[PDB]
Amino acid sequence: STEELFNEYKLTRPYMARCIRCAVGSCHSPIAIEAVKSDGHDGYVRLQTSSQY
Amino acid sequence: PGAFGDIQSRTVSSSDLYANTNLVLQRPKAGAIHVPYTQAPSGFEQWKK
């Protein structure tokens, strides 16, 4: 499992980005969503965000 | 734009890409850091529809 994350995390530093809705108006959110892909079949979506997992 | 073949690649692993999607850039909102743009919706997904 640790072989998959030499670079995708260890040098990456999640950022804070503009969000249009943060429960009050516009926003600079830590979980800003960059893309939502839903081209699969059974409701599975891949979501790119400013957070890291 | 907005039709099948709006973007084309010679091979699935090829390094070339012809793109024609009517991409245009809009002015950023006041006091905001982002790149607004307007495009014709994907021709592949419309073709699948």
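Everything discussed here concerns the structure shown above.
Before going into details, it helps to say that this report is about the structure given with it. (Residues numbered from 1 in each chain as written, not as in the entry; some residues may be left out. Chains lettered and ligands numbered in written order. Part of a larger assembly, values for the part shown. Heavy atoms only, no water.)

With that settled, the discussion passes to the overall build of chain A. Within chain A, the regular secondary structure consists of 0 helices and 4 strands. Relative to the globule expectation of 10 Å for 53 residues, the C-alpha radius of gyration of chain A, 14 Å, shows a markedly less compact shape. The buried share of chain A, taken over its 53 residues, is 15%. Sequence-distant contacts in chain A: of pairs separated by 6 or more residues, those separated by 24 or more amount to 17%. Accessible area for chain A stands at about 5,000 Å²; split by element, carbon and sulfur atoms hold 53% of it. (Helix = DSSP H or I, 4+ residues; strand = E, 2+ residues; numbered from the N terminus. Rg over C-alpha atoms; globule rule 2.2 N^0.38 Å. Buried < 20%, exposed > 50% of the residue type's maximum accessible area, 1.4 Å probe, protein only. Contact = heavy atoms within 4.5 Å. Areas by Shrake-Rupley, 256 points an atom, 1.4 Å probe, with all protein chains shown as cover.)

To continue, consider the overall build of chain B. Summing up its helical and strand segments, chain B has 1 helix and 4 strands in all. Going from N to C terminus, chain B has its helices and strands arranged as β-β-β-β-α. In terms of principal-axis extent, the alpha carbons of chain B reach across some 40 × 30 × 15 Å. Within the span of chain B, comprising 49 residues, buried residues form 12% of the whole. At a minimum sequence separation of 6, the contacts of chain B that also span at least 24 residues come to 27%. Summed over all atoms, the accessible surface of chain B reaches about 4,400 Å², with 56% contributed by carbon and sulfur.

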